[PDB]
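Order of the sequence lines sets the chain letters (A, B, ...), proteins ahead of strands, with each chain counted from 1.
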Amino acid sequence: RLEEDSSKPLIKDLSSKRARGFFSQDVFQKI
Amino acid sequence: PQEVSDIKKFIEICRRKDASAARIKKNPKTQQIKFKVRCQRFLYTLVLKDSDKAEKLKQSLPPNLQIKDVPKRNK
Amino acid sequence: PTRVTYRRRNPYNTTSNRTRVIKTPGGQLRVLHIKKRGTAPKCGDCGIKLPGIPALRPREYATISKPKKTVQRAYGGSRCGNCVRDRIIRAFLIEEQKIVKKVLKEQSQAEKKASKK
Amino acid sequence: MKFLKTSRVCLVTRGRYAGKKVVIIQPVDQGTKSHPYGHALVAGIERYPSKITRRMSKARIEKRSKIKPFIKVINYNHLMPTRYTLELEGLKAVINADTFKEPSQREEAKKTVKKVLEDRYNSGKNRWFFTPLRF
Amino acid sequence: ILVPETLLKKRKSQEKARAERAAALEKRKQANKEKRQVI
Amino acid sequence: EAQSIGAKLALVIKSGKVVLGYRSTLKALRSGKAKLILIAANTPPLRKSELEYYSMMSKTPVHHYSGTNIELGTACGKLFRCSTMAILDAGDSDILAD
Amino acid sequence: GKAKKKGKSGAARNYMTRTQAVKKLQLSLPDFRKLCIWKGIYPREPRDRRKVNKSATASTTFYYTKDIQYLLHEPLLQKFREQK
Amino acid sequence: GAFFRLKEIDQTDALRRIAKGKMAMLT
Amino acid sequence: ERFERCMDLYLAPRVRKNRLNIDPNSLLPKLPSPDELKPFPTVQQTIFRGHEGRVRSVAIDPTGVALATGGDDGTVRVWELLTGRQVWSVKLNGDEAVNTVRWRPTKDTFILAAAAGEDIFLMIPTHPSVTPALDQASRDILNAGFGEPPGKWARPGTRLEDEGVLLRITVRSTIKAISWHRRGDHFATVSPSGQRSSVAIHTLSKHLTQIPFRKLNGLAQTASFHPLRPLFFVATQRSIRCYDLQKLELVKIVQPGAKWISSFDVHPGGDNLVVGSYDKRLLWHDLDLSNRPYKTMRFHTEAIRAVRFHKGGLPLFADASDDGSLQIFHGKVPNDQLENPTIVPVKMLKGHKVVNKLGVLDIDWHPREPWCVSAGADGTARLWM
RNA sequence: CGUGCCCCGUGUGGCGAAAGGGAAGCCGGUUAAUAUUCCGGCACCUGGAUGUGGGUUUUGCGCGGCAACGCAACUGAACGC
């Protein structure tokens, strides 16, 4: 139990991103 | 063996119940006086360096405990 | 005479027969048998010697008192200060990661129930 | 920005008080003549309250509910900040360099800290602050 | 002046602990009575 | 885009204020004026987690550099290893715009 | 010179804990209490609880070893076993 | 065993909650 | 109740005890009449007021007519003893509080030594006993040796000489103790945070600051010179080490049974010591009988801040504590050095006000008469006869 | 209360080293022949019992230093490292 009381992205990777970084792999480019 | 440099500390060490022996050592070459008391688990020696204080201390020493001067050429 | 001899009936130069040469008040040169040197205690996480703690042989520590064997700190006399600091940091960060993971699990459950309803 | 504000819970990780939960009372980022470094005037508790059961007497309940504090100057490098915050009205300006230089004043400061932290523990909040750290 | 006497130290009383244990045991006995069935 | 990462790191160190090393980075985060943090990949995990906790408390953005400390130092232009680095002033770099 | 072990003599031989006494007498606790009540055997306080037993808490009751021996030689042990 | 990581908390209302840091206990 | 009696009979451990039945006053010591030791101060007689903040230091001039008080407003002030007149006031280092003030023990020459912050100020006061001849002799004695090193001697600022400050020694840490030597040629400084430079014996003549004892085994609190011999007592937080200076090695260590030593004073004879400590405990040590306390006294409910003997043949010693209180004790040492001194409190002195749990901070005895002066954190000095 | 109930862990014992591990004694003198063993002096270690002093205690289990750490002692069962 999480007992609680009663009272700009930080990871800025410089340059969806996940989809375009995954579906752009070697096998997908090769087919 | 332990060293003592204070007279009343030596006096109370002599007043201790287990205090067994006492002796006076005179070194004329280096002009020193040493008061040795054998008190069971250590031998305590007071260093005096002054004859007037030696006189006073051997006067103030407890009477029941016998004090003696060590002879040269110990047998 | 400048030549010496053993006096413990063990004639072999074993690490238990360590000796040294002394010159007596009688003018004679003879041997005293010495014991092994004491080893300093080491930390448990790293192998660094713990400062402040006498380097004695095992049973000798029984005669010395507790404060002479310890340092007034958590894990004192068993772990060093750097290791204690690292342990505190690790424990706090582990608790923090657990709290963050529980928050994420609660948010995931809230999203699941929102999608269901 | 500056996260080491006045009401800020941290935990001392070096010294006799390693791994001990503490709260800042006054930060000195620039440092004084003594302590030529960034430091904090802080108050914590040495012995935390002990758990209470129904099988022991009221005097024992009170004795294990007692709390014994400490007050200290400690280096920022020997703190490690905690995100949590403790707001105490009694601990406003209880300690200063004069108190840490005068032993009577710091004794009175520890008495005041004991009273206020006992009052909050009796109130029943900040149990994370009042429980020991497991390390 | 020392006065020889005899003293009887405080004994460890188990009254409270037996109280909680008996209460808990009676609670599960009520549970077992609820679980009981017909004959 | 690591080539661009290195180019803008060189530009930001040439223009603005940069501090290198764990102790300097921690002091900057404690001061609360640091504007960017970089943590190398081969940095010890406890060190990394403490730095991320500090940055989260200070709300100072932090980025995980792909390479190791020697690579981070080489990219930053000096001839030693740098596990962690902090940027206090951006100078005239767009490193903080993203 | 015999190298005597640390806690194998003295108050350790002088006193026994209640658990040790019960196991040595091979008795149930009710029977042990019956015999202690009848023979007037009572707990005692050694000066050094740790020297008696290094794992003894403040709630542990100690007993005289000679009293335990008297209990061992009492015939009501045999009487109790016969009645059982 | 795992250490604090900001990658799986970034840009989230969970990150907002963590940065708010109310008293929290895992029991 | 009857069941509990049975359970007591067979379950409660039985212990044999020799109960103590004595008269409570048989434990109490027998003390000679407060009246039979008549020469002793009784009530406050003069008020010395004017400091903005708390007064940290009070001292009597060797002559017996001037009082020197140092206080947190940065001010050192010399005052007329009998009348309580503001004679000279001067501010040393602005916001830096004046820690201690002492006079040069010599009567022929007239210098004041003040410690505020990390600087020691040597001053020539304007007083109606400073002749042109005295002024020139004192200025020569100071300006006798002009013909990171430990200690930078230097000439102070133009305002400082225009007001009467003549010499300024600057050290690494903040000074809290100054002790003069009887000859006046040497003066010692104690700075608690000086680490290895905590204690420094300075020689005014040769203008030299020397660190004689690098290793001290504890944080330095105070120090003093022996009244009759080349020996130096340094009081750390837990012990007092006696060092012979002619050979420059430790000769003795004495152990006050206290957590934090506040102050100590050597008897004029030199064989006895009084130690006041923050744990509310006074200790008299016989420096040739045992290293443990010879006698321990408690009369105060707050920490002892000062202890001070009389140097004028009067058998008296004072103890100042933050209860706003003074205890005036009678201490008589036999001149044969072989009998035990008799210690009898004579009176309790009250009247100082307590602010922020701080009371009286300093005490000094008049050179020839049973008169005392107390400096207390209510900002005030008080002359007691 | 009800003459019971709980934990934890294997090769469950013996032998095998007068060179492996290991608590602690040195000097002077002495005999026809023994000596780190005898005499003289001066020490040490282990185990046990127990008293005085001291430490803590009506802020429950002491204080100081940023820290490394320091001191005359300065609650600590089972269980674990």
Side-chain angles (χ1 to χ4, degrees), chain B residues 1 38 41-43 74-75, chain C residues 7-17 22 24-26 28 30 32-33 35-36 44 51-52 57-60 62-63 65-68 71-73 75-76 78-82 85, chain D residues 12 14-16 31 34-40 47 63-64 66-69 72-79 103 107 110-111 114-115 118, chain E residues 18 21-22 25, chain G residues 1-14 27-32 34 47-48 50-51 53-60 80 84, chain I residues 193 217-219 237-239 255 257-260 278-279 292:
Chain B
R38 187 70 177 88
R41 187 268 187 189
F42 277 80
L43 182 63
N74 192 8
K75 315 299 182 293
Chain C
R7 63 204 282 215
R8 186 179 295 275
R9 196 179 294 275
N10 189 359
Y12 306 111
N13 180 233
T14 309
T15 187
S16 179
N17 214 0
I22 66 167
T24 80
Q28 296 294 321
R30 77 166 55 107
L32 271 178
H33 290 261
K35 297 296 289 183
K36 290 152 187 246
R57 305 291 302 177
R59 290 199 76 172
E60 302 192 22
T63 308
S65 65
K66 185 183 286 185
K68 300 294 187 291
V71 163
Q72 292 287 326
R73 187 177 56 231
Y75 299 85
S78 179
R79 269 88 164 140
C80 62
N82 297 114
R85 185 180 67 189
Chain D
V12 177
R14 288 218 190 220
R16 182 162 93 91
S34 63
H35 316 91
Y37 63 88
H39 62 269
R47 185 179 296 113
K63 292 178 185 291
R64 325 191 76 81
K66 298 292 182 184
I67 295 171
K68 176 182 73 103
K72 183 67 181 294
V73 161
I74 184 61
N75 191 356
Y76 286 163
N77 289 317
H78 308 150
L79 280 82
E107 198 266 335
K110 323 206 280 203
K111 277 190 176 292
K114 178 176 172 67
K115 182 174 72 68
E118 268 195 285
Chain E
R18 307 222 314 171
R21 185 177 65 246
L25 262 64
Chain G
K2 284 186 169 69
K4 275 76 70 177
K5 279 73 176 175
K6 180 69 182 291
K8 300 289 94 176
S9 182
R13 292 184 138 62
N14 207 9
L27 267 183
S28 78
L29 192 60
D31 265 14
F32 176 71
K34 292 181 181 179
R47 71 169 271 300
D48 208 315
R50 284 169 308 141
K51 298 298 293 295
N53 177 321
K54 65 179 73 174
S55 313
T57 61
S59 280
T60 55
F80 284 5
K84 297 296 289 183
Chain I
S193 179
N217 290 318
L219 304 169
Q237 189 161 183
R238 286 255 175 74
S239 74
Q255 295 298 109
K259 317 207 289 283
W260 203 330
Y278 278 111
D279 62 357
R292 304 300 181 189

At 4.0 Å (heavy atoms only), tell me whether [X] reaches a base, stays on the sugar-phosphate, or touches nothing.
{"X": "G/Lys8", "answer": "nothing"}
{"X": "C/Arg85", "answer": "nothing"}
{"X": "C/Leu32", "answer": "sugar-phosphate"}
{"X": "C/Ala62", "answer": "nothing"}
{"X": "I/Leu219", "answer": "sugar-phosphate"}
{"X": "D/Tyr76", "answer": "nothing"}
{"X": "C/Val71", "answer": "base"}
{"X": "C/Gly26", "answer": "sugar-phosphate"}
{"X": "I/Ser239", "answer": "nothing"}
{"X": "D/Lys114", "answer": "base"}
{"X": "G/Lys6", "answer": "sugar-phosphate"}

[Y] side chain reached by [X] side chain, heavy atoms, under 4.5 Å:
{"X": "C/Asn17", "Y": "C/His33", "answer": "yes"}
{"X": "C/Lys35", "Y": "C/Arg57", "answer": "no"}
{"X": "D/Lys110", "Y": "D/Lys114", "answer": "no"}

Write down the distance separating the [atom1] atoms in [N] and [M], rounded off to the nearest Å.
{"N": "J/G62", "M": "J/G54", "atom1": "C1'", "result": "13 Å"}
{"N": "J/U46", "M": "J/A23", "atom1": "P", "result": "10 Å"}
{"N": "J/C61", "M": "J/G80", "atom1": "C1'", "result": "25 Å"}
{"N": "J/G14", "M": "J/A19", "atom1": "P", "result": "25 Å"}
{"N": "J/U31", "M": "J/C38", "atom1": "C1'", "result": "10 Å"}
{"N": "J/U37", "M": "J/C26", "atom1": "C1'", "result": "14 Å"}
{"N": "J/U12", "M": "J/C7", "atom1": "P", "result": "28 Å"}
{"N": "J/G40", "M": "J/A24", "atom1": "P", "result": "27 Å"}

Interatomic distance where [atom1] belongs to [X] and [atom2] belongs to [N] [whole Å]:
{"X": "G/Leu27", "N": "J/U3", "atom1": "CG", "atom2": "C1'", "answer": "10 Å"}
{"X": "D/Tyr37", "N": "J/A68", "atom1": "OH", "atom2": "P", "answer": "12 Å"}
{"X": "D/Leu79", "N": "J/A67", "atom1": "CG", "atom2": "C1'", "answer": "13 Å"}

Answer yes or no: does a side-chain N or O of [X] lie under 4.0 Å from OP1 or OP2 of [N]?
{"X": "D/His35", "N": "J/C66", "value": "yes"}
{"X": "C/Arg9", "N": "J/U36", "value": "no"}
{"X": "C/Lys36", "N": "J/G21", "value": "yes"}
{"X": "B/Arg41", "N": "J/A43", "value": "no"}
{"X": "C/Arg7", "N": "J/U37", "value": "no"}
{"X": "B/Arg38", "N": "J/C42", "value": "yes"}
{"X": "B/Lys75", "N": "J/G40", "value": "no"}
{"X": "D/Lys72", "N": "J/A67", "value": "yes"}
{"X": "C/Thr63", "N": "J/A24", "value": "no"}

For this session: Please give the nucleotide sitting opposite J/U46 as a Watson-Crick or G-U wobble pair, both distances under 3.5 Å, or none.
Result: none

Problem set entry | Earlier contact from the 5' end, RNA chain J, for C/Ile22 and C/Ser16 | C/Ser16

Problem set entry | C/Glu60 vs D/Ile67, nearer the 5' end of RNA chain J by closest nucleotide | C/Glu60

For this session: Verify side-chain contact (heavy atoms from CB on, under 4.5 Å) between D/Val12 and D/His78, making sure each step is shown before the conclusion.
Result: CA-CA 6 Å; D/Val12 177; D/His78 308 150; 5.6 Å; no

Exercise. Is any side-chain N or O of G/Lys5 under 3.5 Å from a base N or O of J/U46, one able to act as donor and the other as acceptor?
Worked result: no

Problem set entry | Heavy-atom donor-acceptor pair, C/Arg8 side-chain to J/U36 base, under 3.5 Å | yes

Exercise. Can you give one letter per nucleotide of nucleotides 71-81 of chain J, 5' to 3': B if a protein heavy atom sits under 4.0 Å from the base, S if only from the sugar-phosphate, - if neither?
Worked result: BBS---SS--S

Considering just the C1'-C2'-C3'-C4' torsion, please state whether [N] has a north or south sugar.
{"N": "J/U59", "value": "south"}
{"N": "J/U12", "value": "south"}
{"N": "J/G22", "value": "south"}
{"N": "J/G51", "value": "north"}
{"N": "J/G65", "value": "north"}

Exercise. If every non-hydrogen atom of G/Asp31 is compared with every non-hydrogen atom of G/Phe80, which pair is closest and at what distance?
Worked result: OD2-CD2, 3.2 Å

Problem set entry | Nearest non-hydrogen partners of I/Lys259 and I/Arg238, listed with the distance | O-NE, 3.2 Å

For this session: Using the side-chain contact (heavy atoms from CB on, under 4.5 Å) rule, take D/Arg14 and C/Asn82 through it: C-alpha gap first, then chi angles, then the decisive distance, then the call.
Result: CA-CA 9 Å; D/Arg14 288 218 190 220; C/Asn82 297 114; 3.0 Å; yes

For this session: Applying salt bridge (charged side-chain N to carboxylate O under 4.0 Å, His left out), name anything that partners D/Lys68, two or more places apart in sequence or on another chain.
Result: D/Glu46

Give a single yes or no on stacking for [N] with [M], with the cut-offs at 5.5 Å between ring centres and 30° between planes.
{"N": "J/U57", "M": "J/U58", "value": "no"}
{"N": "J/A32", "M": "J/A33", "value": "yes"}
{"N": "J/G65", "M": "J/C66", "value": "no"}
{"N": "J/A73", "M": "J/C74", "value": "no"}
{"N": "J/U34", "M": "J/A35", "value": "yes"}

For this session: Kindly say whether J/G70 and J/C63 qualify as a Watson-Crick or G-U pair under the rule that both distances are below 3.5 angstrom.
Result: yes

Exercise. Under a 3.5 Å limit on both distances, do J/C42 and J/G25 form a Watson-Crick or G-U wobble pair?
Worked result: yes

Seminar exercise, completed: Residues passing the ring-ring contact (aromatic ring centres under 6.0 Å, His included) test with D/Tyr76, sequence neighbours excluded, are none

Problem set entry | Working for side-chain contact (heavy atoms from CB on, under 4.5 Å), residues D/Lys111 and D/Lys115 | CA-CA 6 Å; D/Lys111 277 190 176 292; D/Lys115 182 174 72 68; over 6 Å; no

For this session: Please state whether the rings of D/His39 and D/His35 are parallel, tilted or perpendicular, taking 30° and 60° as the class boundaries.
Result: tilted

Problem set entry | Check: C/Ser16 main-chain N/O paired with C/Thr14 side-chain donor or acceptor under 3.5 Å | no

